[PDB]
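# give me a model of this one.
(chains A, B, C, D, E, F, G, H, I, J, K, L, M, N, O, P, Q, R, S, T and U, ligands or ions: 11)
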Amino acid sequence: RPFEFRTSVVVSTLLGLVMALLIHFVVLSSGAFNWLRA
Amino acid sequence: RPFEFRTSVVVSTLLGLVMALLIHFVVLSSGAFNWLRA
Amino acid sequence: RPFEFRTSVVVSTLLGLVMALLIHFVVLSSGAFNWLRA
Amino acid sequence: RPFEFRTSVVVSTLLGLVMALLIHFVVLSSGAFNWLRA
Amino acid sequence: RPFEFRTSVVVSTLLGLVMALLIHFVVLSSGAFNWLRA
Amino acid sequence: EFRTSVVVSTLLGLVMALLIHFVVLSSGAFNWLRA
Amino acid sequence: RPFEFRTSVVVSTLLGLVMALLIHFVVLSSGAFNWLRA
Amino acid sequence: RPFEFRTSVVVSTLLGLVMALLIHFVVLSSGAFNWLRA
Amino acid sequence: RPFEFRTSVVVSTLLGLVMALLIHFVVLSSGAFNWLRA
Amino acid sequence: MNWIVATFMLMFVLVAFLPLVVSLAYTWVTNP
Amino acid sequence: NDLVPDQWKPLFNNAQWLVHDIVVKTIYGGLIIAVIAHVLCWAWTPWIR
Amino acid sequence: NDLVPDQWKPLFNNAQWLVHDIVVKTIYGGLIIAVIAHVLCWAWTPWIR
Amino acid sequence: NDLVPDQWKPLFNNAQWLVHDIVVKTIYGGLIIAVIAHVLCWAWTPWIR
Amino acid sequence: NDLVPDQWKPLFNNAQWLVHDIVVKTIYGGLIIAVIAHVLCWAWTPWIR
Amino acid sequence: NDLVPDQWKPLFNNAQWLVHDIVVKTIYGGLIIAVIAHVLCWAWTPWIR
Amino acid sequence: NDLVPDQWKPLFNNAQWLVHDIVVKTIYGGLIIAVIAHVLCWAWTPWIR
Amino acid sequence: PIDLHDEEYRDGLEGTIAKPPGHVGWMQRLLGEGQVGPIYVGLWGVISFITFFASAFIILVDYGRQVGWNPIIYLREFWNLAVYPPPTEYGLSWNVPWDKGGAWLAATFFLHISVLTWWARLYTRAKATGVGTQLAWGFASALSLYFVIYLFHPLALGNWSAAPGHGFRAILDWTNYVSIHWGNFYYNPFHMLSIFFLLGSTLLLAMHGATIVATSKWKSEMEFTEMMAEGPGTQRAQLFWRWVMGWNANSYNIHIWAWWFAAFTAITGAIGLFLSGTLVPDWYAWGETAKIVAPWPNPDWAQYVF
Amino acid sequence: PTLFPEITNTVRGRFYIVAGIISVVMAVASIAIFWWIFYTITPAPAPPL
Amino acid sequence: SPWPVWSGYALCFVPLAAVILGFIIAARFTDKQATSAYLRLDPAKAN
Amino acid sequence: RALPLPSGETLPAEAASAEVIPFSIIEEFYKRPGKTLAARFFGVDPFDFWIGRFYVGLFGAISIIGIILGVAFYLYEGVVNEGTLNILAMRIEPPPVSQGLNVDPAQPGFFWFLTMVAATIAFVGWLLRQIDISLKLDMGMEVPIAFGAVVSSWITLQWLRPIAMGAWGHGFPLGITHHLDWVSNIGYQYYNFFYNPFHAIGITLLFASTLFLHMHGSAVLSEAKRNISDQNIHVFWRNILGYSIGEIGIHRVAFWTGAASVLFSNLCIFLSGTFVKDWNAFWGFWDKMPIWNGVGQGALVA
Amino acid sequence: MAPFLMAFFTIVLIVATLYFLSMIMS
Ligand code: BCL
Ligand code: BCL
Ligand code: BCL
Ligand code: BCL
Ligand code: BCL
Ligand code: BCL
Ligand code: BCL
Ligand SMILES: CC(C)=CCC/C(C)=C/C=C/C(C)=C/C=C/C(C)=C/C=C/C=C(C)/C=C/C=C(C)/C=C/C1=C(C)C(=O)CCC1(C)C
Ligand SMILES: CC(C)=CCC/C(C)=C/C=C/C(C)=C/C=C/C(C)=C/C=C/C=C(C)/C=C/C=C(C)/C=C/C1=C(C)C(=O)CCC1(C)C
Ligand SMILES: CC(C)=CCC/C(C)=C/C=C/C(C)=C/C=C/C(C)=C/C=C/C=C(C)/C=C/C=C(C)/C=C/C1=C(C)C(=O)CCC1(C)C
Ligand SMILES: [Fe+3]
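Numbers count the residues shown, from 1 in each chain, chains lettered A, B, ... in the order given. Ligands and ions are numbered 1, 2, ... in the order given. Find the structure here:
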């Protein structure tokens, strides 16, 4: 057992949430889409 | 007993005093009433 | 029992008070209502 | 005793003194009265 | 026996001294009496 | 302690003497050291 | 005894040296004497 | 014994050297004597 | 024995070297001699 | 008021120093 | 806890019940005074407008 | 606690009852003085205007 | 506790009663002096104007 | 504390009494010198004017 | 502390008394030299004027 | 401490006395040289003027 | 397998010197230990010492050259004397005159060797005396900041002048100039992180020292023993911090906190300093686009004018 | 008639009252007399041209 | 236009989030370890 | 049995008086009510209970009043009165220097004064509550001494210096990212606060505090879970640097350096306001100390 | 009238001090 499954779950879920937030914020600040008032 | 009665009394009394002070100060600083030269 | 009832009560009450204060402050600062001399 | 008479006396007396000082200072700083050259 | 006379004496004397100092300093700083400069 | 009072009083007196000498000399009021 | 003789000697000697240096420097810098081309 | 002889020797010798250096410097910087093109 | 001979030797030798360097540098910087284009 | 009040506040800053000095002297006196 | 109603016996001591009664009556009096104060301040200067 | 009324015997000691009586009478006197002071300060300079 | 009136015997020791008498008389003297000082300071410079 | 008067025996050691005597005499001499210095500085330049 | 007078025996060791004698004589010599230096500097340039 | 005079036996070791003698003679020689240097520097350029 | 006496009292290289240990006396009374003890000289201490000596000697004799070889002007200006890096012209070049940054390059190279071999000394003596190498890695974080300041930020900016000038006043001047050149370092967010970690470093140091000196009567300071079984002093410390702020650490966790707060100070500082020149030329201007700058339409400027 | 016999009866404690009083008045006199001297001898800052 | 720049966000806010979150989690685990049961000297005896 | 240790290591019990004790046992053994400062003064601590893990004293209740009121006043001045909605752009400003030392509810800057007073009440109550809890546990007064150093740093910045300057607008604004604007404008008004000597001492002690923290965390972590004779870290610290301060010495130095940093710091900002206007002009005396005045030519003279 | 009043209050301070210190020093 190289990795506890709970550890991989925590790390993957936190990475996914952080990346979703980061990508949403980058896309919204880019003004490239016209989403939420251009 | 989930909550000692003394604890609830202390918390409620302190919350009420803090809220009375806060609301008095907000209302007095608003200058909306003409109280104490407002 | 996953949650002590006292813990849930404290958390819910504090969250509700904080949210009431936050929403009141946001609504009063918005100047959207004409409350307390707008 | 959860409610000692000495405890209630100390708390009430200190609260009254603090409130008297606070109200005096708020009223004196308001400049609304012309007390002590205002 | 509650409220030792010694305790009440200490508390009252200290409160009176603190209040005399506070009132003297408030009155002197107010310049209504002008730190006695007149 | 008597030693504590002695130290405090002596240091206060020395500091006071130095301070007053320096205030009086810098005032240029008395004709001391070409003032 | 209240004071070790060595302590009093150190303190007095250091005070005397510091005061001699201070007075010499004050008198020199005053230019009131014409010493060392003044 | 109030004072080790070695301590008094160290202190006196260091004080004398420091004072000789200080006085030489002060006299040389004063330009009051033609020492070293002054 | 008040003073180890090794200590006196170290102190005297270091003092002599420091003083020789200091005096050489003071004399060379004075430009009073015409040594090393001074 | 400028220099009197200023020096009183200066002395309060040094008073703030004081507790730490008491701690150092405590260590010295109690480690004999 | 004899003076306490058996509904609230698991929660209230005998002495805590009397202090609770004082607190309840004080809160009620303060509420009446607060309602009167709010009606007076509204008749004086309406804050909602 | 004999001097204490039975209603307040669970709460008040014998000595605490006398000190409570002093505190109550002091609070009442201070309240009368405070009402007089407020009426005088209002007759002098109304703060609510 | 013999010197104490029986009303205040639950509260005051024999020695505490004498010190309490001194404190009361000192407070009264200080009050008279404070009233005199306030009347003098008012006749000199009224702070309420 | 043999050389100390019995009035000051609770306060002064035997050695502390002699050092206190020196301190007192030094303070008195310094006070005389300070009075003389103040009279001379006043005769020279009055600072009150 | 035999060499010490019995008045100062509580304060001075046997060796501290000799060093104190040296310090006293040095202070006296320095005082005489300081008085001479002050008289000479006054005859040269009076600082008080 | 045999070589030390009995006056200074409480203060000086046997070896410290010889080093003290060297220090004293060095201080005296340096003092003579310093006096000569001061007289020469005064004859050259008086600093007091 | 580790002789504690042999590691203290071996002779020569890979041995110690000053081996008859002195006692300071006042250090024993105030700090509890007064033995200066023998100090190790282990072929990394030698490189460290002689390369630092080369660095300091270059700097000191260039101080001497700058005062015209006057040892009084030396003592007077010693704190404002400095050996500055080569100017912006010919910025990364090492073909700079000795007075215009030539001395700075050599001294800084020898200083680099000195700090690297001091790291190696920390590492090798930690392994030799049986302790972990945590101090060597803490020094490595400090050295990350150091090598950004002196080597990696001057490079990637194109000039040695981006580096400090080897002086008592020059490092203060360098800090001022670097914050001024890149806008305002107050709006450098990794500078804010590094200040968070530095002030939290001092806060944890003060709290830890004060807690252990307060519970000192029950021998809380003997952390090695307390980590095996927590005595009454450590128990009182845990309870103090539980009652004060609702959570606590044991004898072991608190030092993890200490190590990591200091390491984060150094690491976030290195990152922010490297970012200021290369990626974000202006921190206040970036802060306005980042919406972290407070609007200040009508400031009261009477406070800031005499 | 006292409640602090270790402070008002014993010579060491009784002395502490006088010590505290004298130290408070000594510090106050220190500060007050310094500022008096400073403000009386110091000239007014020269009137602006 | 109301939006800070990507740079601003990355730099300030996800390090802000990391510091706050990570501090809270580190405190959680600090105290789990500190309040767990391990070899202590019994207070009734040693004290 | 596994025998779990404080570090987290499980050591198998043979390879001391210690037993595996629950914290709940440690916590209940050390409760000891009624030793607090308030219980000495009034004869009782009005709040001698624990709310959860926290100890609520008289000064804990005062402190929590201060905390709640300070947070609410802070957020009133900056959500309302400023309208910002984002805490990095809000600006909690004192009254203007024009107003002087007096406070006016009608004038702007009134909620800064209230936030500052409530924050002072909160900080002083936190300090007095630390004294409470150290008195309960028979500890020394060192944690209150260090926290008092930093609380006096706050008092100097918001009370002593604004009073001595006399304007009450010399207190720093309570804004995230905007108190930095005050720190920068004060640092440059008295130009080169780097040359402020009490500021240089404060920075020296801050850097030394972080260095000592790293060295101590390193030293304790390096000997943590090893077979060590407790003298290995001393030998290491004598092989490196030729001095080992010892276990009690490193914590004393920790406490002292920590406190002294902010003590010299508050001496710096106070002097910067009141006595020294220019910190470069302060150092004008150095080149004129008469021991090196005369020796120089060209640019090498001063 | 300010010098009058300051002198008055200092002498009341002093006389108060003589009175109660006389009691304490009894
Ligand atoms: C984020 C990580 C999640 C997780 C998410 C998944 C997902 C999702 C799956 C598994 C599945 C598996 N996981 Mg899992 N898994 C987690 C934690 C664990 C842990 C752990 C240490 O405890 C273990 C041991 C496992 C083990 C396993 C096996 C039970 C199983 C088969 C994997 C395999 O054979 O790979 C062999 C196959 C590959 C390695 C293919 C590699 C694919 C690469 C990336 C190419 C993808 C092409 C892409 C789809 C096309 C892109 C086109 C775009 C649309 C344009 N998981 C963590 C929590 N796991 C698989 C499963 O169970 O099947 C039902 C699967 O679907
Ligand atoms: C608008 C188009 C923008 C863009 C904007 C975004 C945004 C916005 C996002 C991504 C995200 C992603 N994009 Mg993109 N993306 C673009 C261009 C690209 C390109 C390409 C070269 O052009 C690529 C390869 C990608 C690749 C990706 C993957 C990294 C990811 C989507 C799959 C993934 O792994 O997460 C798959 C996600 C999941 C498996 C999470 C599932 C979570 C579940 C469904 C819960 C959702 C939250 C739910 C509301 C909570 C409810 C709980 C209640 C209690 C019930 N993007 C363009 C520029 N991209 C998404 C991402 O997640 O980043 C990690 C995202 O946030
Ligand atoms: C004026 C209209 C403003 C607005 C201003 C406010 C304000 C102002 C508030 C809310 C609050 C809320 N609003 Mg809104 N709200 C608006 C638009 C919306 C919209 C919508 C999409 O338009 C929605 C969905 C909401 C949703 C909500 C809920 C989050 C909440 C009310 C129910 C709740 O859960 O708490 C229900 C509340 C309770 C269950 C608490 C009960 C407490 C008891 C009654 C005690 C009250 C205190 C009492 C005085 C103490 C006496 C004690 C004495 C000792 C006796 N608002 C508009 C913009 N909104 C309220 C809230 O509480 O936020 C949490 C509130 O404070
Ligand atoms: C001038 C008019 C000002 C104003 C200035 C003040 C001032 C000034 C004060 C108050 C105080 C109070 N005011 Mg207001 N007040 C105003 C407007 C209002 C309004 C209103 C909506 O308009 C209201 C409801 C109040 C309400 C109140 C109460 C909170 C309180 C008076 C009763 C009380 O509980 O304490 C009753 C007080 C007592 C029971 C204490 C009794 C103490 C005894 C008598 C000892 C007194 C000290 C004595 C000298 C010590 C001697 C000891 C020697 C040893 C013998 N004020 C206007 C703006 N108000 C008073 C207060 O105490 O605040 C708590 C006070 O200090
Ligand atoms: C020129 C006139 C200047 C002035 C310049 C100085 C100078 C310059 C000095 C004083 C010093 C003093 N002056 Mg003045 N002084 C003036 C006006 C005054 C007035 C007055 C109101 O007018 C007064 C009261 C004083 C008062 C004093 C005393 C504080 C002191 C001299 C006695 C003393 O205690 O130390 C007596 C000194 C001793 C007991 C020390 C004895 C030391 C022994 C002799 C060793 C000397 C060093 C020796 C070379 C080392 C050799 C060691 C080798 C190894 C052998 N001055 C005027 C303005 N004054 C002197 C002083 O010492 O300050 C403390 C001094 O330095
Ligand atoms: C040129 C005239 C300048 C002046 C320049 C100097 C200079 C320059 C010096 C003094 C020093 C002194 N001056 Mg002056 N001095 C002046 C005006 C004064 C006046 C006066 C009111 O006018 C006074 C009272 C003094 C008083 C003094 C004494 C403080 C001292 C000389 C005696 C002493 O104690 O040290 C006596 C010195 C000794 C006992 C040391 C003996 C050391 C032995 C001889 C070794 C010497 C070093 C030797 C080379 C090392 C060889 C080692 C090899 C291994 C063999 N000066 C005028 C302004 N003055 C001298 C001093 O030493 O200061 C402490 C000195 O340096
Ligand atoms: C050019 C004239 C300059 C001047 C420039 C210098 C210079 C330059 C120096 C001195 C030094 C000295 N001068 Mg001068 N000096 C001047 C004016 C004066 C006056 C005077 C009032 O006018 C005086 C009293 C002095 C007094 C002195 C003594 C302090 C000293 C010489 C004797 C001494 O003690 O060290 C005697 C020295 C020794 C005993 C050291 C012996 C060392 C042995 C010989 C080794 C030498 C190094 C050797 C090369 C190493 C070889 C090792 C290999 C392995 C074999 N100078 C004028 C202004 N002076 C010299 C000194 O040493 O300062 C301490 C020196 O460096
Ligand atoms: C513009 C923007 C930003 C808008 C944001 C939009 C969002 C995100 C809104 C989010 C809203 C949310 C999440 C609101 C939350 C509301 C809650 C949790 C209310 C809690 C009420 C809790 C209550 C009533 C608790 C009551 C507690 C009581 C009565 C205590 C009871 C008691 C206890 C427990 C005792 O022992 C004894 C005393 C007593 C009996 C009184
Ligand atoms: C514009 C603005 C800022 C408006 C603010 C609006 C708000 C929020 C107002 C808030 C008002 C409130 C909350 C006021 C609080 C009033 C109280 C609690 C008074 C206490 C009285 C307690 C009193 C008099 C206690 C008296 C105690 C006494 C006489 C004690 C006596 C004694 C006791 C018992 C002893 O040992 C033995 C005997 C002795 C005499 C010494
Ligand atoms: C602005 C201006 C002008 C200000 C100025 C105004 C003032 C305040 C002037 C101050 C004057 C003062 C304070 C002068 C002080 C002069 C002194 C202390 C000289 C010391 C001599 C010490 C001497 C000679 C020590 C010699 C030591 C020796 C010979 C050592 C000898 C030796 C030691 C000890 C050994 O191991 C073994 C034997 C060996 C011989 C080698
Ligand atoms: Fe530690």
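
# so what's the backbone phi/psi at the residue of chain R found nearest chain O?
Closest residue of chain R to chain O, Cβ to the nearest Cβ: residue R:41 (15.9 Å). Quick note: C-beta positions are derived from backbone N, CA and C, even for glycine. Backbone torsions for residue R:41, taken as degrees, to the nearest 10, come to phi -90, psi -30.

# same deal with residue T:103?
phi -110, psi 140.

# ditto for residue T:80
Main-chain torsions, residue T:80, degrees, to the nearest 10: phi -90, psi 170.

# contacting residues for it?
By Cβ atoms under 8 Å, 6 or more residues apart in numbering or on different chains, residue T:80 lies in contact with C:25, C:28-29.

# before we move on, which element is whichever residue of the stretch 1-150 of chain T sits closest to ligand 7 in?
Using Cβ to the nearest ligand atom, the single residue of the stretch 1-150 of chain T nearest to ligand 7 is residue T:149, 48.7 Å away. Assigned by DSSP states H and E, residue T:149 belongs to helix T:142-155.

# can I get the CA coordinates of that helix in CSV?
C-alpha atoms of helix T:142-155 as CSV (Å, rounded to 0.1, in the frame of the first residue of the first chain):
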residue,chain,number,x,y,z
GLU,T,142,6.5,35.4,31.1
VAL,T,143,3.8,34.9,28.4
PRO,T,144,1.9,38.0,29.7
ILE,T,145,5.3,39.8,29.7
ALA,T,146,5.9,39.0,26.0
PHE,T,147,2.3,39.7,25.0
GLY,T,148,2.6,42.9,27.0
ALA,T,149,5.6,43.9,24.9
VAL,T,150,3.5,43.6,21.8
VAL,T,151,0.4,45.2,23.4
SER,T,152,2.6,48.2,24.4
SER,T,153,3.7,48.3,20.8
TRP,T,154,0.0,48.7,19.9
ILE,T,155,-0.5,51.3,22.7
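
# from the chain's centroid, how far away is it?
From the chain centre to the centre of helix T:142-155 is a distance of 6 Å (Cα atoms, centre = their mean, to the nearest Å).

# residues of chain U that sit close to chain E?
Counting by Cβ under 8 Å from any Cβ of the partner chain, the residues of chain U close to chain E are U:1-3, U:5-6.

# mind checking how far residue T:265 is from residue T:209?
According to Cβ to Cβ, to the nearest Å, residue T:265 stands 12 Å off from residue T:209.

# between these two, which one's more packed in?
Neighbours of residue T:265 and residue T:209, each counted by other Cβ atoms under 10 Å in any protein chain shown, are more numerous for residue T:209; the result is 29 against 23.

# three-state assignment of residue T:55?
strand (DSSP: H, G, I helix; E, B strand; the rest coil).

# please work out how many residues are found near the nearest residue to residue Q:150 once chain neighbours are set aside.
Ranked by Cβ to Cβ, 6 or more residues apart in numbering or on different chains and with sequence neighbours excluded, the top spatial neighbour of residue Q:150 is residue Q:163, at 5.1 Å. Residue Q:163 has 25 neighbours, counted by other Cβ under 10 Å.

# repeat for residue A:13
10.

# and it, what helix or strand is that in?
In this structure, residue A:13 is located in helix A:5-29 according to DSSP H and E.

# in space, what's closest to residue T:137 - neighbours in sequence excluded?
residue Q:236 (4.6 Å).

# pull the contacting residues for that neighbour.
Counting by Cβ under 8 Å, 6+ apart, residue Q:236 makes contact with Q:215, Q:218, Q:220, T:30, T:137-139.

# could I get those residues as TSV with secondary structure, distance to residue T:59 and neighbour count?
As requested, the contacts of residue Q:236 are arranged in TSV below (DSSP: H, G, I helix; E, B strand; the rest coil; distance: Cβ to Cβ, whole Å; neighbours: other Cβ atoms under 10 Å in any protein chain shown):
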residue	secondary structure	distance to residue T:59	neighbour count
Q:215	coil	21	30
Q:218	helix	25	20
Q:220	coil	25	27
T:30	coil	20	19
T:137	coil	16	22
T:138	coil	18	16
T:139	coil	16	26
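
# of all those, which two lie farthest apart?
Q:220 and T:30 (14.0 Å; Cβ to Cβ).

# what's near enough to touch residue Q:263?
Residue Q:263 touches Q:137-138, Q:141, T:214, counting by Cβ under 8 Å, 6+ apart.

# turn those residues into a markdown table, including secondary structure and distance to chain K.
A markdown table is the format used below for these (DSSP: H, G, I helix; E, B strand; the rest coil; distance: Cβ to the nearest Cβ, whole Å):
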| residue | secondary structure | distance to chain K |
| --- | --- | --- |
| Q:137 | helix | 57 |
| Q:138 | helix | 55 |
| Q:141 | helix | 56 |
| T:214 | helix | 53 |
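
# who's in contact with residue T:64?
Under the criterion of Cβ under 8 Å, 6+ apart, the neighbours of residue T:64 are B:14, T:56, T:122, T:125.

# ok, and of the residues you listed, which contact chain K?
Contacts with chain K within the contacts of residue T:64, as defined by Cβ under 8 Å from any Cβ: none are present.

# as JSON lines, these with distance to chain C would be great.
As requested, the contacts of residue T:64 are exported to JSON lines (distance: Cβ to the nearest Cβ, whole Å):
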{"residue": "B:14", "distance to chain C": "13"}
{"residue": "T:56", "distance to chain C": "14"}
{"residue": "T:122", "distance to chain C": "18"}
{"residue": "T:125", "distance to chain C": "20"}
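
# quick one: which of these is most hemmed in?
Counting by other Cβ under 10 Å, top hit in these: residue T:56 with 24 neighbours.

# could you check how far that one is from residue Q:9?
56 Å.

# who in chain Q is up against chain H?
Applying Cβ under 8 Å from any Cβ, one finds that chain Q approaches chain H through residue Q:72.

# can you map out the strands along chain Q?
Q:15-17, Q:39-41 (DSSP state E).

# give me the number of residues near the residue in chain R that chain N sits nearest to?
Closest contact between chain R and chain N, by Cβ to the nearest Cβ, is at residue R:11 (3.9 Å). The tally of other residues near residue R:11 (other Cβ under 10 Å) stands at 13.
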